[PDB]
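From first to last, the protein sequence lines stand for chains B and A.
With PDB author numbering applied, the first sequence covers 25 to 322, 455 to 655, 684 to 832.
With PDB author numbering applied, the second sequence covers 25 to 322, 455 to 655, 684 to 832.
See structure below.
2 protein chains.
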Amino acid sequence: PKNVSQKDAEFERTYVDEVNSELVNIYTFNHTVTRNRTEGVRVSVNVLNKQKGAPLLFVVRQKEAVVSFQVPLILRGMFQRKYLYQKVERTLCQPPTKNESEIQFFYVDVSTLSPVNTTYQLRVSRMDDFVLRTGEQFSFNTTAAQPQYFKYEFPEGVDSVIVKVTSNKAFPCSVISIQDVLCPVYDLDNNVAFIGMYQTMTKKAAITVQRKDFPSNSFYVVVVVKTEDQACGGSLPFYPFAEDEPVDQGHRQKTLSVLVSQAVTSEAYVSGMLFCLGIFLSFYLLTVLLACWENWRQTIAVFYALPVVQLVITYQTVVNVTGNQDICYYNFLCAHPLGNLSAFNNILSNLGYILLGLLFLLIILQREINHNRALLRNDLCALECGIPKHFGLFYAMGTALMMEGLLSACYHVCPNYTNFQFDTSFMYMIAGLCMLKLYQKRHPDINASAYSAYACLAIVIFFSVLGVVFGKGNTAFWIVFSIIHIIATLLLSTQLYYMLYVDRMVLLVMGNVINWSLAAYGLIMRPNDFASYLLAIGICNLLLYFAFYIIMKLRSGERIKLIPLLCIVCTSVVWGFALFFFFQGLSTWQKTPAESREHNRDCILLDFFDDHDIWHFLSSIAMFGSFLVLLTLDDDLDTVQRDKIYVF
Amino acid sequence: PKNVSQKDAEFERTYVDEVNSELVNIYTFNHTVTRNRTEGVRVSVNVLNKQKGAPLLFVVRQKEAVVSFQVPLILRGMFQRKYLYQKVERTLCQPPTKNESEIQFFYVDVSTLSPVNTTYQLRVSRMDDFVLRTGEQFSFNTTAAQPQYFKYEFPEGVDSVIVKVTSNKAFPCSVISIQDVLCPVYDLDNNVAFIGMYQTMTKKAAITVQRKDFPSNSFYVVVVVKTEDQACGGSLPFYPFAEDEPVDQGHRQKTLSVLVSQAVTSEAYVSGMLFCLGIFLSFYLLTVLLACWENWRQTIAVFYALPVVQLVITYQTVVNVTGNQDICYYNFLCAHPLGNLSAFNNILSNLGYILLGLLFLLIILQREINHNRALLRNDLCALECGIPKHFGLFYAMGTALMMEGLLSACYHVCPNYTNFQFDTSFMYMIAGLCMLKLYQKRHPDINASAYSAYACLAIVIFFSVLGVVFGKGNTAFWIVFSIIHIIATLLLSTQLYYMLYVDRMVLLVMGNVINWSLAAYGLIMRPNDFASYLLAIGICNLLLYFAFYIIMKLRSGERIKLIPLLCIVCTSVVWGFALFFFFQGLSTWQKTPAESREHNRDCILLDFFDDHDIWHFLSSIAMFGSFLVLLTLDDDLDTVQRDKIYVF
Ligand SMILES: *[C@@H]1O[C@H](CO)[C@@H](O[C@@H]2O[C@H](CO)[C@@H](O)[C@H](O)[C@H]2NC(C)=O)[C@H](O)[C@H]1NC(C)=O
Ligand SMILES: *[C@@H]1O[C@H](CO)[C@@H](O[C@@H]2O[C@H](CO)[C@@H](O)[C@H](O)[C@H]2NC(C)=O)[C@H](O)[C@H]1NC(C)=O
Ligand SMILES: *[C@@H]1O[C@H](CO)[C@@H](O[C@@H]2O[C@H](CO)[C@@H](O)[C@H](O)[C@H]2NC(C)=O)[C@H](O)[C@H]1NC(C)=O
Ligand SMILES: *[C@@H]1O[C@H](CO)[C@@H](O[C@@H]2O[C@H](CO)[C@@H](O)[C@H](O)[C@H]2NC(C)=O)[C@H](O)[C@H]1NC(C)=O
Ligand SMILES: *[C@@H]1O[C@H](CO)[C@@H](O)[C@H](O)[C@H]1NC(C)=O
Ligand SMILES: *[C@@H]1O[C@H](CO)[C@@H](O)[C@H](O)[C@H]1NC(C)=O
Ligand SMILES: *[C@@H]1O[C@H](CO)[C@@H](O)[C@H](O)[C@H]1NC(C)=O
Ligand SMILES: *[C@@H]1O[C@H](CO)[C@@H](O)[C@H](O)[C@H]1NC(C)=O
Ligand SMILES: [Zn+2]
Ligand SMILES: [Zn+2]
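Here it is as structure tokens:
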């Protein structure tokens with residue numbers, strides 16, 4: 025009936041043969057495999073002339089598996105789009121060997137149903153690059169039709185490694201997958217996401233793996249290039265080739281470099297543990313040293461937090477079980493896993509807010525007890541002299557700091573677009589509290605009927621959510637928000653003229697100029713999130729009001745003391761550092777995960793903490809400093825009779 | 025070299041042939057295909073004696089596709105577990121035909137690498153059951169090794185159909201997938217979730233599809249049986265066969281029945297629209313008729461809502477784009493899509509709370525205006541007679557009803573385990589408000605320093621979240637919660653003895697008995713969520729306090745008027761109906777999605793609204809009634825001087 029040509033073929037040679045409906049070509053390949061060196065093989069097939077009617081069918085038959093594909097290989101698109109690839113390459117799947125040395129045979133089948141003759145080239149090339157080694161970078165080319173996977177074996181004494189792959193050009197989109205060594209290997213667009221840890225990639229992709237997951241002490245690093253870039257977030261093709269005719273691709277190639285490096289040891293966990301406690305417990309012993317010197321000488457939070465916890469549990473469990481690392485916007489280069497937490501470093505860094513808020517609450521309680529005891533002594537200075545001492549708002553600030561730490565840690569177990577508000581929101585409220593804490597301090601009577609906290613929180617939370625949800629700037633909602641910032645600056649000027685002096689006038693004048701300068705950034709439209717900017721503008725406005733109050737106090741003749749000045753300088757320095765690290769942070773939740781991975785950076789401090797972690801440490805130190813400045817700013821006034829002159 | 029036997033084979037015959045390393049068997053099948061009748065074919069292969077060394081390799085070659093599998097077919101498990109299936113069946117993928125009548129050939133390749141002879145049976149059977157028809161149920165058997173998919177063509181004039189598949193036994197787990205007719209078909213465990221709408225199934229699985237999605241006016245109903253039941257939530261195998269030896273399966277078969285029925289027309293959308301407005305606008309004209317008769321005769457919500465909206469947008473978009481219907485716990489039998497909302501009926505039913513809360517707010521505003529005008533008249537009865545009129549808490553109840561409607565609609569766009577609190581929570585707060593609204597009404601002086609709302613809300617929200625999050629009852633946290641309910645009943649008795685009369689004593693006595701009866705359900709512990717029970721216990725306790733207050737009023741000699749009595753009877757009837765529908769609701773968020781689909785039920789009213797929707801309509805009517813009873817309960821007292829006797 026049909027003539028079949030069973031021919032013996034050497035390994036590394038390009039075989040150009042003709043096949044039609046009558047002919048079937050059989051290739052027999054014999055190779056020697058060894059347990060010590062794995063060395064997987066790669067089958068390359070190219071169809072020189074395109075057969076529109078019937079594709080050429082290739083079958084690769086091994087001892088324990090069969091891989092079959094059709095060339096030209098037609099792949100799916102997002103909207104009924106077919107992409108045609110005339111070169112297909114696949115690495116053959118090699119099962120583990122029981123003996124020491126084998127002589128294994130695998131047969132390649134070539135056949136077609138098209139009556140006309142079609143020519144092809146078939147070359148099976150041995151891969152000496154199959155095994156990956158620690159600290160060695162391999163650059164290779166892969167295409168949607170040619171997927172490449174490599175094997176890494178765990179060196180003795182290594183319990184976890186990170187698989188980082190970098191590309192010079194963002195596109196085409198790709199999916200790096202880490203799979204156990206149990207054959208077959210899922211290196212196709214349809215089954216790549218079936219098992220293992222996978223994440224889309226444009227320029228960077230880092231996956232941490234551990235020996236406990238893989239009993240065989242080895243894994244496969246499978247890289248599959250997506251046909252379309254929409255998942256990576258780049259662009260959506262809308263033209264290509266119309267209707268049934270498949271688009272011709274294959275000119276799109278992705279060049280990558282896999283580097284498998286040993287993950288940080290348990291020493292970094294201990295050193296990070298000690299650094300976190302050591303810095304903030306230094307403040308604890310410092311204030312006890314400060315206290316001992318003096319003695320010898322003389455609901456909204458809970459409502460905010462519950463959905464946070466629910467989202468935490470569900471999302472972290474989903475990421476752990478499914479392996480879809482695209483869900484959480486971690487810093488995969490610096491994310492360090494402990495138990496079920498993929499990013500322990502961020503949560504650990506969030507301990508600064510908690511500890512410093514607790515310490516500030518203790519300081520407030522001590523001051524309140526001392527003031528109450530002084531009142532019990534019926535001292536005239538405590539009763540009727542100095543700025544009215546109100547500790548409850550200070551308690552609110554301390555509780556706000558502690559709960560900001562809690563909420564930000566709960567957010568940072570899995571930073572994700574569905575949680576961006578949870579980090580930045582309490583920070584603006586604490587700033588919004590430090591805002592008008594001074595105003596209440598100088599004008600306690602105005603605070604009697606203030607009714608401002610709920611309004612401020614509602615305003616900021618409304619502003620910081622729907623604008624992001626609806627869009628990222630429709631050329632430009634963020635320019636509209638810059639106009640809103642301008643009218644807010646006008647409202648600040650309106651508050652100014654309601655408040684008297686030429687120096688005050690000019691001070692708020694360059695305050696408005698500073699706000700507009702910031703509004704320019706709010707132009708070239710807020711590339712990041714308002715969430716970050718609201719905190720930034722709020723903190724900048726808070727520092728401006730700080731300076732306003734200080735210049736007021738110096739102008740009125742009230743002299744700032746040594747402790748307020750030292751706290752002021754420390755707060756400024758630390759605020760500046762915090763701002764620098766806050767500014768360095770960019771992207772994250774707003775961008776797509778593949779585009780978000782591009783900005784990821786390695787660890788900076790102690791091989792454990794990233795830039796954001798440093799921001800958490802610094803912010804808490806700065807905010808503690810701000811609270812302390814507020815606590816001690818009017819100390820000079822307290823030691824003297826209440827001012828006869830009307831309040832500023 | 026090797027002897028290949030190209031033999032011509034008829035279609036429906038069991039071919040028993042022997043194959044070894046030397047032999048390769050070639051089968052040529054010729055069949056006639058037509059455009060009007062699709063008629064896809066099915067290839068069955070069974071390997072009689074198991075070959076431990078080398079599996080038997082089968083290749084099916086068609087004009088435009090090649091399907092190749094190995095028998096025995098080894099499939100993956102959750103934890104390095106291999107399941108061996110000795111019978112593999114696959115339907116061949118048929119591309120669309122350009123001519124009218126074709127004579128298409130497809131070749132089946134059988135080969136192995138094992139030196140020893142192995143026997144097999146190969147039978148290719150024509151499927152006259154490929155095409156699905158509306159209203160016709162097909163019962164078929166499928167296995168993890170044998171996946172079955174069927175084609176449904178849209179009849180002219182039908183724009184949407186629902187694909188419902190039912191099984192008599194829950195297990196094994198399965199994945200029904202709906203895919204477009206563009207070949208190949210992804211009927212394997214690894215690639216089934218690649219495209220289309222898929223959902224796991226134990227007993228029921230309903231998928232709504234629309235003509236706009238599929239330009240070809242047809243789709244493939246792919247059913248794949250999972251090897252393990254953990255995703256369906258049943259059990260986790262921990263024994264089976266140890267180490268490398270693959271477990272032998274194939275005794276596990278799933279029997280299903282696919283019924284494709286035409287979805288509800290646009291008439292149900294209009295009728296559901298009219299019924300929703302018609303019922304609640306009847307209350308609007310009724311109270312205007314009531315008002316005209318008299319005239320002629322004479455922040456926590458916003459904080460709760462923002463994460464809700466964010467979760468809405470992300471989850472609904474994810475379900476729409478990925479096709480993973482397991483995420484949202486819809487009522488897929490009664491979920492009716494409108495635009496991007498998969499379940500429009502629930503959101504539409506949630507209009508009752510909004511409209512009735514707005515109407516109650518208008519009634520409160522009218523009463524407040526009338527009372528203020530009467531005070532302006534300096535009437536002694538308004539100034540110093542009757543129960544003190546406090547409209548602000550009534551405003552709180554009305555706003556709570558409106559926001560409960562809003563939040564419950566936002567929840568019901570995608571009911572899901574990460575949103576269960578959002579529906580039930582405001583309802584207990586409204587009940588917790590109706591709780592002690594009467595107490596404030598009789599004892600306004602106690603409410604001056606109450607400070608109870610925040611405490612009650614914190615208690616209920618704490619109770620209703622962490623208990624569910626940590627577990628579903630560890631034999632049993634819900635028995636522990638029943639003990640908590642017992643101590644709460646003891647606290648209620650403590651409140652009783654603080655309050684005087686033997687009748688009051690006995691009344692709270694069977695009130696405690698009723699609570700304990702409810703606690704027994706809290707036993708055979710909470711198959712249901714506490715969330716449902718807290719609402720139920722709260723509403724039952726609220727009705728108990730209602731009856732307590734009414735019996736008090738009748739005992740003191742104060743006669744209830746006609747309107748309060750009619751409102752009381754209507755509220756009871758409607759509360760009873762609401763409770764019945766609330767009780768019928770079960771499962772949902774707590775159980776796994778495959779187990780949740782088992783309890784799904786078809787639409788009851790107007791072919792548009794389910795039982796839960798009826799609960800939304802009834803609850804709002806009952807709660808409006810409760811508010812009205814509270815508003816008019818003391819009307820008799822108002823028309824007379826303030827009671828000299830001390831308040832109850
Ligand atoms: C592998 O297959 C062939 C024949 O079984 C042999 O490989 C070469 O084949 C051609 C002759 O057909 C020549 O290049 C050489 O004479 C063969 N040997 C080598 C080393 O090139 C070879 O005999 C087979 N190898 C094994 C291990 O069976
Ligand atoms: C990946 O593809 C690029 C693009 O073709 C290769 O770069 C070319 O390599 C050929 C080698 O024959 C050179 O002649 C060209 O000058 C190169 N073009 C450049 C560098 O722009 C690259 O070699 C490929 N990498 C691998 C590992 O095959
Ligand atoms: C299909 O293939 C075979 C041979 O090409 C034919 O089908 C039958 O084959 C055997 C003889 O080898 C006998 O059962 C009959 O003589 C054949 N015909 C029928 C109808 O059974 C048949 O000729 C081929 N059909 C077509 C349309 O090409
Ligand atoms: C699905 O599998 C069941 C279980 O084997 C089949 O039920 C049996 O069918 C055979 C037919 O040869 C009967 O002899 C048995 O008595 C049946 N056992 C029962 C009903 O318990 C069922 O027929 C299969 N369905 C299909 C469509 O093949
Ligand atoms: C038979 O097939 C082989 C394959 O090359 C070869 O001998 C020849 O092409 C064929 N002989 C015929 C068709 O007579
Ligand atoms: C290797 O496999 C062959 C094939 O059966 C067997 O004869 C031989 O004993 C094996 N080698 C060892 C060391 O067991
Ligand atoms: C050649 O293969 C065919 C297949 O059945 C048959 O003629 C015979 O088994 C073989 N002849 C030999 C091995 O001499
Ligand atoms: C059917 O296909 C054959 C094969 O080329 C062709 O000759 C014939 O014209 C086609 N029929 C029609 C109606 O076009
Ligand atoms: Zn943070
Ligand atoms: Zn509901």
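Backbone N, C-alpha and C define an ideal beta-carbon position, used for all residues, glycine too.
Beta-carbon distances below 6 Å to any heavy atom of ligand 10 define the shell here; list its residues in chain order, please.
Ordered by chain, the residues meeting the criterion of a beta-carbon within less than 6 Å of a non-hydrogen atom of ligand 10 are A/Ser564, A/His568, A/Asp579, A/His796 and A/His800.
For A/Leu146, verify whether its CB is less than 7 Å away from any heavy atom of ligand 7.
Your numbering for residue 146 of chain A matches position 122 in the second sequence. No, the Cβ of A/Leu146 stays beyond 7 Å of every heavy atom of ligand 7.
Mind pulling the chain A residues with CB within less than 7 Å of B/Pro25?
The count along the first sequence starts at 1 and reaches residue 25 of chain B at position 1. Chain A residues near B/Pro25: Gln30.
Rounded to the nearest angstrom, what separates B/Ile734 and B/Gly296 at their Cα positions?
As a working note, residue 734 of chain B is residue 550 in the first sequence. As a working note, residue 296 of chain B is residue 272 in the first sequence. Counting only the Cα atoms, B/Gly296 lies some 38 Å from B/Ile734.
For B/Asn27, is the beta carbon positioned less than 7 Å from some heavy atom of ligand 5?
Translated into positions along the first sequence, residue 27 of chain B becomes position 3. At least one heavy atom of ligand 5 is found less than 7 Å from the C-beta of B/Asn27.
By the criterion of Cβ-Cβ separation under 8 Å, what are the contact partners of B/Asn215 in chain A?
As a first step, residue 215 of chain B is located in the first sequence; it is residue number 191 there, counting from the start. Under the 8 Å cutoff, chain A gives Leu212, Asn214, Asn215 and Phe218.
Just how far apart, CA to CA, sit B/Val91 and B/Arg85?
Here residue 91 of chain B refers to the residue found at position 67 when the first sequence is read from its first residue. Here residue 85 of chain B refers to the residue found at position 61 when the first sequence is read from its first residue. B/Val91 and B/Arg85: Cα-Cα distance of roughly 7 Å.
Output yes or no for whether 8 Å exceeds the beta carbon distance between A/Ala778 and A/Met225.
Here the question's residue 778 of chain A lines up with position 594 in the second sequence. Here the question's residue 225 of chain A lines up with position 201 in the second sequence. Contact flag set, yes.
Hey, is A/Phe637's beta-carbon within less than 8 Å of any beta-carbon in chain B?
Here the question's residue 637 of chain A lines up with position 481 in the second sequence. So no, A/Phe637 is outside the interface.
From the DSSP output, in three-state form, read off A/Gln172 for me.
For the purposes of this step, residue 172 of chain A is taken as the residue at position 148 of the second sequence. Here A/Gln172 sits in strand by DSSP.
Would you kindly work out how many angstroms separate the C-alpha atoms of B/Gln234 and B/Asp183, rounded to a whole number?
Within the first sequence, residue 234 of chain B is the residue found at index 210, counting from 1. Within the first sequence, residue 183 of chain B is the residue found at index 159, counting from 1. Going from the Cα of B/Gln234 to the Cα of B/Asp183 covers about 6 Å.
How long is the line joining the alpha carbons of A/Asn534 and A/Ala457, rounded to whole angstroms?
The residue labelled residue 534 of chain A in the question sits at position 378 within the second sequence. The residue labelled residue 457 of chain A in the question sits at position 301 within the second sequence. One C-alpha to the other measures close to 38 Å.
Looking at chain B, which residues of the segment 186-211 of chain A have a Cβ within less than 8 Å of any of its Cβ atoms?
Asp204, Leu206 and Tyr210
Judging by CA-CA distance, which residue of A/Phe93, A/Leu563, A/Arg100 and A/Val155 is the nearest neighbour of A/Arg61?
Residue 61 of chain A sits at position 37 when you count from the first residue of the second sequence. Per the Cα distances, A/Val155.
Assuming A/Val83 contacts A/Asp133 (C-beta within less than 8 Å), just tell me the rounded distance between them.
Position 59 of the second sequence holds residue 83 of chain A. Position 109 of the second sequence holds residue 133 of chain A. Yes, A/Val83 and A/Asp133 are in contact; Cβ-Cβ is about 4 Å, under 8 Å.
Please output, in chain order, the residues near ligand 2 using a CB cut-off of less than 7 Å to any non-hydrogen atom of the ligand.
B/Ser163, B/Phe164, B/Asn165, B/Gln277 and B/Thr279
Runs of 3 residues minimum, wholly inside the segment 175-253 of chain A: which ones carry the beta strand (DSSP E) assignment?
The beta strand (DSSP E) runs of length 3 or more contained entirely in the segment 175-253 of chain A are, from start to end of the chain, 184-191, 198-204, 221-225, 228-234 and 242-249.
Which of the three DSSP states is assigned to A/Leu812 in this structure?
Along the second sequence, read from residue 1 onward, the residue named residue 812 of chain A stands at position 628. Helix at A/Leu812.
Are B/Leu726 and B/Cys590 touching if we call contact CB-CB under 8 Å?
Position 542 of the first sequence, counted from the start, is the residue given in the question as residue 726 of chain B. Position 434 of the first sequence, counted from the start, is the residue given in the question as residue 590 of chain B. Going by C-beta atoms, B/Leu726 is nearer than 8 Å to B/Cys590.
Within the present structure, is the beta-carbon of A/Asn192 separated from the nearest heavy atom of ligand 6 by less than 7 Å?
Here the question's residue 192 of chain A lines up with position 168 in the second sequence. No; taking the cut-off as 7 Å, the Cβ of A/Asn192 has no heavy atom of ligand 6 nearer than that.
Between A/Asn54 and ligand 8, is there a pair consisting of the residue's CB and a ligand heavy atom that are separated by less than 7 Å?
As a working note, residue 54 of chain A is residue 30 in the second sequence. Outside the cutoff, so no.
Under a Cβ-count criterion, where at least 16 other Cβ atoms within 10 Å of its own Cβ denotes burial, should A/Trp799 be classed as buried or exposed?
Your numbering for residue 799 of chain A matches position 615 in the second sequence. Counting of Cβ neighbours within 10 angstroms places A/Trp799 among the buried residues, the total reaching 16 or more.
Relative to chain B, which residues along the segment 91-102 of chain A have a C-beta separation below 8 Å, given in chain order?
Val91, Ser92, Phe93, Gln94 and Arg100
Answer yes or no: does any C-beta atom of chain A fall closer than 8 Å to that of B/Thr455?
Start at 1 with the first residue of the first sequence, and residue 455 of chain B comes out as number 299. So yes, B/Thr455 belongs to the interface.
If you pair each beta-carbon of the segment 25-35 of chain A with each one of the segment 790-810 of chain B, do three or more pairs fall below 8 Å?
no
From the DSSP output, in three-state form, read off A/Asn699 for me.
Position 515 of the second sequence holds residue 699 of chain A. Note: A/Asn699 maps to helix in three-state DSSP.
So what does DSSP say about A/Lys106, is it helix, strand or coil?
Position 82 of the second sequence, counted from the start, is the residue given in the question as residue 106 of chain A. Correct three-state label for A/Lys106: coil.
List, from N- to C-terminal side, the alpha helix (DSSP H) runs of 4 residues or more that fit wholly inside the segment 740-803 of chain B.
Within the segment 740-803 of chain B, the complete alpha helix (DSSP H) runs of at least 4 residues are 746-768 and 777-780.
Using CA coordinates, which residue listed in B/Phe103, B/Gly101, B/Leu81 and B/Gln128 is at the minimum distance from B/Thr143?
Here residue 143 of chain B corresponds to residue number 119 of the first sequence, with the count starting at 1. Among B/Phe103, B/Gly101, B/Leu81 and B/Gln128, the Cα nearest to that of B/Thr143 is on B/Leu81.
Just reading off the alpha helix (DSSP H) that B/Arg523 is part of, what are its end residues?
The residue labelled residue 523 of chain B in the question sits at position 367 within the first sequence. Its alpha helix (DSSP H) spans residues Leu507 to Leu532.
Taking its Cβ as the centre, do 16 or more other Cβ atoms sit within 10 Å of A/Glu252, making it buried, or is it exposed?
Here the question's residue 252 of chain A lines up with position 228 in the second sequence. With 16 or more Cβ atoms within 10 Å of its Cβ, A/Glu252 is classed as buried.
For A/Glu126, which of helix, strand or coil comes out of DSSP?
Position 102 of the second sequence, counted from the start, is the residue given in the question as residue 126 of chain A. Of the three classes helix, strand and coil, the one that applies to A/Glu126 here is strand, per DSSP.
Where DSSP assigns a beta bridge to B/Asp272, which residues make up the other side?
The residue you call residue 272 of chain B lines up with position 248 of the first sequence. Paired residue(s): B/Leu108.
In the DSSP assignment, find the alpha helix (DSSP H) that holds A/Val67 and state where it starts and stops.
The residue given as residue 67 of chain A occupies position 43 in the second sequence. Counting along the chain, no alpha helix (DSSP H) covers A/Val67; the unbroken beta strand (DSSP E) around it starts and ends at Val65 to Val71.
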